[PDB]
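Quick setup: one chain, the form deposited in one PDB entry, written in structure tokens, and binding and motion questions come after.
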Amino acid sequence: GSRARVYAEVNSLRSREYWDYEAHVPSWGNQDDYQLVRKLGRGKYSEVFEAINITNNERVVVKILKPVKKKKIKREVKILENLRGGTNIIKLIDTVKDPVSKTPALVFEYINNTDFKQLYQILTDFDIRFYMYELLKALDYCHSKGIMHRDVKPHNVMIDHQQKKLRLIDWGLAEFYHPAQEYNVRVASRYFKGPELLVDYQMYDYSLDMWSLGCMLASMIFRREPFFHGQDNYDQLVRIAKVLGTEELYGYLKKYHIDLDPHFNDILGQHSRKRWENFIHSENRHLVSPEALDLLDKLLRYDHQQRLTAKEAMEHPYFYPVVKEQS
């Protein structure tokens, strides 16, 4: 079967307690120290608030969890505690419970983010390189810690464009990578799902996040957000195949012995692989360079095992201007 080219055995080389999140026993502090100020968002299993820690007057974010999902709560807590101190990973400050109802909540550092729909319209060439480099640091870190994020998308990459701070958030879908483990493919936002998920290939790895990152890079340099805009999960693969080509898709499926849902027969059609230069026009030409296209071409590949790792991406010439400035 398939396995990760990097970090494959990292969890098996650690203590079982590192990855055995079902056995994790969080230390639950008291939510009464936090005053909710404003609702920021809501999801299937959580609600998120700006809040003040009344004991030190610090602004924080509080994510209240539906208490029923106990295994999933332990998973997210253990992952966040394993990632503590990681570069550009949102900092978990506290794990707390309502002292009466025992409903759990996660307390995070606050970040004053610029909404990505507004931000992505004004980014410069250097800004894209800079923020992509910072996001890659977060993914290289979590991958090196044996963790797949599985929900990389603009909404989960919080950017304070005034202070130049980036944090990868929402670790509620993240999982530990173990070689040969078969994972649930119902992860990531539709537009950021790797082809492996869309063809029901369960033996995926950290390289899933690299597809999602490539999708973000393409949306930022080309100013088409989201870049692959499917109407459902079937159409999502069609949108990908329109660009990467159908014959290349079939070679991928053959290599991994992947059976294709026969509903694809009536919708995939026949598509050449397109040159990435086809996406350039006057509105995006200043964000596109040969080095951007070379990097993107090495991320948005069907074959998950041939996509760049986060580290290989960081090492690409596209980021040399950022590395030099950070000197």
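Numbering starts at 1 and runs along the sequence shown. Here, rigid core means the biggest group of C-alpha atoms that superpose within 1.5 Å across both forms.
A second form of this protein, the form solved in complex with a small molecule, is not displayed here; the remarks below concern that form.
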Can you pick the stretch from 95 to 103, 137 to 145, 245 to 253, 153 to 161 whose heavy atoms fall within 4.5 Å of the small molecule in the deposited complex? 153 to 161
Contact with the small molecule in the deposited complex for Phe222, defined as at least one heavy atom pair within 4.5 Å: yes or no? no
Although the small molecule is absent from this view, report whether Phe227 comes within 4.5 Å of it in the deposited complex, heavy atoms only. no
Using a 4.5 angstroms cut-off on non-hydrogen atoms, would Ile128 count as touching the small molecule in the deposited complex? yes
Could you tell me if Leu237 has a non-hydrogen atom within 4.5 Å of the small molecule in the deposited complex? no
Pick from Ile79, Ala241, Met216, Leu197: which has a non-hydrogen atom within 4.5 Å of the small molecule in the deposited complex? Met216
Would you confirm whether the three residues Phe116, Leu123 and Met132 all fall within 4.5 Å of the small molecule in the deposited complex, going by non-hydrogen atoms? yes
Which listed residue, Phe222, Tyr191, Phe116, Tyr201, is the one whose CA shifts 2 angstroms or more between this form and the one not shown with the rigid core aligned? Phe116
Classify the change in Cα distance between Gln121 and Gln162 in the deposited complex as closer or farther, relative to the shown form (magnitude of 3 Å or more). closer
Against the shown form, C-alpha atoms of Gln163 and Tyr120 in the deposited complex: closer or farther, for a change of 3 Å or more? closer
